[PDB]
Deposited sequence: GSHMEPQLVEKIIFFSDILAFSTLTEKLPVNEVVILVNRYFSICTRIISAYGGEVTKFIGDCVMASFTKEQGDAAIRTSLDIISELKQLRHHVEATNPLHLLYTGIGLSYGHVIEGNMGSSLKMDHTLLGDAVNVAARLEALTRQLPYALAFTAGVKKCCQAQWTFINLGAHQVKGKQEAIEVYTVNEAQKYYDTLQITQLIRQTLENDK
């Protein structure tokens, strides 16, 4: 167990509660397995490491030098999900599969934690909680991706959008390519 610098990845399915309230069991399985397959493949392709699944949430980590990969991974997941919704009919529940991604950067305590009854690899630090809250912050944001200033520290490639300070407080950033093209739940209930 030691203190290491890492980049934390958090992503989940938007309006997943309403999706599990109206879709049958076989369709929820297909939709979640589709989301897990797209996320883990793109994360692993850029050297990322998927740590664990929590319901519909995907947690991954990148090394301190892989800020370029964490952004490219997020953009590739968003683009592949947008191509998925366009290649299916409007009545297909896959047409409602959106995501929200949060990235953070900072020191975290990495090591095996727990007791004799349960030992598990764990990441402890502010960067883990910040990445989860920025991921949930994208639900009220027009961009499916949000990261801190530590992930941005990759300037020559993307047009970084400064969304300002949010809940102490931190600064939130995003990219223009992460723009989303509430009304999701209304789109789900009307279609299904």
| How would you list, in order, the spans of the deposited sequence that the model does not cover? | 1 to 5, 159, 174 to 178, 193 to 195, 207 to 210
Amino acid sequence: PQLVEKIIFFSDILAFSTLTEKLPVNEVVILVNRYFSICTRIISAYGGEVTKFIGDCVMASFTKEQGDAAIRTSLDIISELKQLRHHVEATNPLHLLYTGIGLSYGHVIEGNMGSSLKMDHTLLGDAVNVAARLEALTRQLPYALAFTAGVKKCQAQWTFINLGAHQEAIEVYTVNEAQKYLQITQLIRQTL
From here on, numbers count along this sequence of modelled residues.
| Stretch with the higher entry mean CA B-factor, where the candidates are 128 to 136 and 155 to 163 | 155 to 163
| Per the PDB record, is the mean Cα temperature factor higher over 115 to 123 or over 102 to 110? | 115 to 123
| request: Select one of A15, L23, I170, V175: the residue whose C-alpha shows the highest B-factor in the crystal structure entry. | output: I170
| message | Using only modelled residues of the chain, where does the Cα B factor of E65 rank: lowest third, middle third or highest third? | response | highest
